[PDB]
Structure formats: C-alpha cells, structure tokens
C-alpha cells in the first residue's frame, strides 16, 4: 500500500558527482522522473526518467556549496485513468 517515496537522503558526494537514494513502491511502477536545479533560477539544470526499477541513481554536472532543489515524480498509472501520483520536492544545500 505504501505509495509515497521515502528515506530520501544523500549517500555520498564526490568533487564532481552526487549519489542520491530514495525508495520505490511495490506496486507496478511504470517510471519515475527526477529533476534538479538551483533554487531561484531561470534555467533548471536537467532531469531524467527511469523504469523505477532502481532505488538509487548517480548524477553529475552540478557545483559544490549551492542551494539545490530536487523533485521526484512517482508516475505509476495502471491502464487508463492517469493516476496522477503525488509529486514531492525538497530543498537541500549540497
């Protein structure tokens, strides 16, 4: 029944890459969408999707010491009614 991402935390931080790790439900999750970009910007860095099969993912192309806002869109869906999940976002300085 747990259909809400959790344990969103940072495992490690390299001088040129960050490793984030959250959680994927047990239901049939089509795909996820992780977008990131500095707060108060006119052009977000970027974003990418995944079969929601992996609960972790590596990212690169950022900068140390800077307010970072990440947002994860858990898109499940079944066969018709677009079950718009509950996208959530959190601010964190990395």
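Using only alpha carbon pairs under 8 Å that are at least six residues apart, calculate the relative contact order of the chain and give it in whole percent.
27
Its residue count N sets the reference 2.2 N^0.38 Å, and the alpha-carbon radius of gyration of the chain equals 1.12 times that reference.
Bear in mind that the values in this text are calculations on the coordinates, not laboratory data.
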